[PDB]
Structures are given as structure tokens and as C-alpha cells.
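Asker: coords please:
(one chain, ligands or ions: 4)
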Amino acid sequence: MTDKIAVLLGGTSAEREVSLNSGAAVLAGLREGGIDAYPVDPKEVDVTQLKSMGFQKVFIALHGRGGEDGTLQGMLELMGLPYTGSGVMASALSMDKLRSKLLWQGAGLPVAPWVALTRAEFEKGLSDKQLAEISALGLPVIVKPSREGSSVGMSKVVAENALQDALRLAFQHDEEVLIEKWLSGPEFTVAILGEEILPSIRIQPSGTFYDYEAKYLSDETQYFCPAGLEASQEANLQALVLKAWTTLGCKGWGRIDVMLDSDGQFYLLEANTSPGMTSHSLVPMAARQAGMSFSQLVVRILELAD
Ligand SMILES: Nc1ncnc2c1ncn2[C@@H]1O[C@H](COP(=O)(O)OP(=O)(O)O)[C@@H](O)[C@H]1O
Ligand SMILES: C[C@@H](C[P@@](=O)(OP(=O)(O)O)[C@@H](C)N)C(=O)O
Ligand SMILES: [Mg+2]
Ligand SMILES: [Mg+2]
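Answerer: Numbers count the residues shown, from 1 in each chain. Ligands and ions are numbered 1, 2, ... in the order given. Next comes the structure:
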């Protein structure tokens with residue numbers, strides 16, 4: 001009461017249905033922890049009248065462009081309403097897998113060899129002396145849109161012969177594209193809550209990459225918590241994820257994706273400042289393992305709102 005909280009779910013991104021799913025969970029979780037939370041889909045109500053509706057705080061359960069970029073966060077800062085995750089800048093920074101990679105590399109963090117392409121570069125026919133670039137990377141490479149989540153628009157390409165199509169796809173999602181080198185090793189994610197970092201997770205998709213379907217609609221993908229890593233490695237991770245996190249300037253809560261490569265090093269893929277919270281999500285998995293309940297987690301996240 002007074003402390004009527006708003007749970008921003010839905011929205012209009014490509015990740016809209018996961019959001020609705022993440023949002024449904026945070027709702028019950030919060031209400032279970034005794035909070036007066038309400039579902040607010042920006043694809044209906046105008047978020048601008050948020051203040052005019054008496055919400056004292058906001059829990060962002062939106063994913064992608066519109067909710068995980070600096071926009072929403074910018075407005076709220078001006079409305080003077082506390083909200084759950086990272087600030088304007090770090091939400092802007094994280095969404096952009098391209099500027100993320102440059103900043104992380106600027107700070108000496110291990111980021112995978114890549115090539116960036118804009119759509120106009122693509123519409124004109126890319127320089128034969130540009131596949132010189134993509135080729136100096138390896139076979140295979142992965143194509144990903146710059147500002148997406150949930151493995152949307154991504155595609156793996158073996159041989160330069162399938163790239164034109166990979167790129168067609170990725171471009172339907174963003175005008176800026178990264179073409180990066182295939183990491184050949186196990187995959188990992190690390191959740192952060194306040195200044196604590198949750199037991200690590202190792203994912204084992206039952207396919208080629210951790211794809212939208214592996215992520216949410218497949219009961220074959222496998223999860224290990226913690227990671228099953230020697231205590232040497234399990235320390236290189238945390239320290240890396242933490243260096244990574246502060247470099248972005250992120251706060252409150254979020255989750256970082258990483259992978260091993262053949263040379264035995266950890267490579268940073270991207271950071272997510274508003275992680276999913278569905279029955280398949282990773283943040284909730286890492287938290288349980290750390291003895292919290294779905295409501296404690298979410299409640300703790302709200303406690304962190306600024
Ligand atoms: N360099 C890479 N090599 C191999 N697979 C990768 C690479 N980068 C990402 N992937 C796979 O693609 C999935 C999407 O990765 P990620 O970059 O975090 O994007 P998104 O925001 O869509 O989740 C990852 O979880 C991983 O399974
Ligand atoms: C699987 C993962 C998804 P997500 O948080 O992260 P990715 O960007 O890698 O899909 C996503 C909502 N953007 C989760 O719900 O735990
Ligand atoms: Mg992501
Ligand atoms: Mg990911």
C-alpha cells in the first residue's frame with residue numbers, strides 16, 4: 001500500500017512472450033513475499049502515467065529494446081521512481097553487444113574475435129576484401145544481431161558459403177551485426193544480486209547452440225549447478241564476471257554469459273541487465289542453489305531498487 005509496486009511485463013520486443021512469463025513469476029513471487037504488485041504491460045497502459053498511478057517503486061520484468069535499454073530507465077529517473085536494475089548507461093551499454101565488446105576489450109577483458117557489419121554495408125554488397133576479414137576468423141562463425149536476446153536472429157555458419165543467408169536473417173532484427181568466431185567449449189552463466197555472485201551454471205543444450213527453443217521449449221537442455229569446475233577455474237570466472245560487471249557500470253542485479261574456448265580461456269559473450277524469470281530461467285536456478293526461494297530472490301531484487 002502506497003508502496004504499490006509496478007511489475008513491467010510484456011512490452012513489444014521480440015522477447016515479449018518470455019517477458020509476460022518472467023512477469024507472471026515475479027508477480028506471484030512478490031505477492032508471496034507480501035508486496036502489493038501489479039502487472040503493467042507497456043503495450044496497453046502508457047508508462048508515462050506511472051507516477052500518476054501511485055506506484056512508489058518499479059520492478060522491470062521486460063526484456064530487450066524498450067525495457068532493457070536506457071529508455072525506460074531514463075524516464076523513471078526523471079519521474080523520480082525507484083526501479084530494479086542497472087542505470088541509464090549500463091542498460092544502454094549491455095543491450096549493445098557491439099559497444100559492449102569494444103568497451104570490455106578496451107579494458108583488456110577476454111572477448112571473442114569478431115567483425116562488425118552495418119546493414120548499408122550489406123545492401124551495397126560487402127567487399128570481397130571484407131570476407132578476408134570474416135575468413136581470418138575461422139569456420140565456423142556465429143552471426144548475431146547486435147541488440148537482441150533469447151538467441152533471436154542468430155545463426156551458425158560453417159564455410160563462407162552460408163553467410164549471406166545468416167546475415168539476411170540477423171539484419172531483419174538489427175542494422176548492426178557482429179560476426180564472431182565459434183567458441184568450442186562449454187557454456188556458462190553467472191548471476192549477480194547486489195554485490196553477491198551466485199553459484200555458477202553450466203548449460204548443455206541438446207543441439208547446436210543454446211537457441212530460443214533450447215532456452216524455453218525443450219526439456220533436454222541440461223543444467224549443472226554449480227558448474228562442476230575445479231576451484232581454480234571457478235575463481236577465474238567470478239573475478240572475470242565481476243570485472244566485466246563493474247566495467248559496464250551495472251548494478252542491482254543481472255546475469256553474464258561466458259564460454260570456454262579451445263585455448264582453455266573464458267570468453268565473455270554478453271551481459272543481461274534484466275534476466276528472465278520463467279520456469280526455465282537461470283537466475284532462479286542459481287538462486288535456489290544458494291538457498292533462496294523464488295520470492296526471497298525477487299524481494300531482494302526489489303530491496304535493491306534505486
Ligand atoms: N562465440 C560463440 N560461439 C558459439 N556459440 C556462441 C557464441 N556466442 C554465443 N553463442 C551461443 O549463442 C547463444 C546466444 O548467445 P548470446 O551472445 O548471449 O546472445 P543472446 O542475447 O541472444 O542470448 C549463447 O547462449 C550461446 O549458446
Ligand atoms: C535463458 C535466459 C534468457 P535471457 O535472460 O538471456 P539471453 O539474453 O541469453 O537469452 C533472456 C530473457 N534475454 C533466462 O531466462 O535465464
Ligand atoms: Mg543477452
Ligand atoms: Mg545469452
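
Asker: show me where the stretch 101-250 of the chain has strands.
Answerer: Applying DSSP state E, counting those that start in this stretch to the stretch 101-250 of the chain gives strands spanning 114-118, 141-145, 155-157, 176-181, 187-193, 196-197, 201-204, 222-224.

Asker: export the ones you listed as a markdown table, with columns for mean neighbour count and distance to residue 276.
Answerer: Every C-beta, even on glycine, is put in place using the N, C-alpha and C of the backbone. Shown next, in a markdown table, are those (neighbours: other C-beta atoms under 10 Å; distance: least, C-beta to C-beta, whole Å):
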| stretch | mean neighbour count | distance to residue 276 |
| --- | --- | --- |
| strand 114-118 | 18 | 25 |
| strand 141-145 | 24 | 18 |
| strand 155-157 | 18 | 22 |
| strand 176-181 | 22 | 22 |
| strand 187-193 | 23 | 11 |
| strand 196-197 | 14 | 18 |
| strand 201-204 | 18 | 13 |
| strand 222-224 | 13 | 14 |
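
Asker: I'd like to know which of those is closest to residue 258.
Answerer: Closest approach to residue 258 among those (C-beta to C-beta): strand 187-193, 4.7 Å.

Asker: how about residue 268, what does it touch?
Answerer: Residue 268 makes contacts with 104, 109-111, 240, 244, 256-258, as judged by C-beta atoms under 8 Å, 6 or more residues apart in numbering.

Asker: gap between it and residue 221?
Answerer: According to C-beta to C-beta, to the nearest Å, residue 268 stands 21 Å off from residue 221.

Asker: helix, strand or coil for the residue in the stretch 201-306 of the chain that ligand 2 sits nearest to?
Answerer: At 2.2 Å from ligand 2, residue 276 is the closest residue in the stretch 201-306 of the chain, using C-beta to the nearest ligand atom. Look at residue 276: counting by DSSP: H, G, I helix; E, B strand; the rest coil, its state is coil.

Asker: how about it, nearest residue that isn't a chain neighbour?
Answerer: residue 22 (4.8 Å; C-beta to C-beta, 6 or more residues apart in numbering).

Asker: cool, residue 157 as well?
Answerer: Residue 157's closest residue in space is residue 166 (C-beta to C-beta, 6+ apart), at 4.7 Å.

Asker: from ligand 2, how far off is the nearest residue to residue 44 once chain neighbours are set aside?
Answerer: Spatial nearest neighbour of residue 44, excluding adjacent residues (C-beta to C-beta, 6+ apart): residue 10 at 7.6 Å. Going from residue 10 to ligand 2 by C-beta to the nearest ligand atom, to the nearest Å gives 13 Å.

Asker: residues near residue 10, how many?
Answerer: 22 (other C-beta atoms under 10 Å).

Asker: next SSE downstream of the helix or strand that contains the residue nearest to residue 276?
Answerer: According to DSSP states H and E, residue 22 maps onto helix 16-32. Where DSSP H and E defines the elements, the next helix or strand beyond helix 16-32 is strand 36-40.
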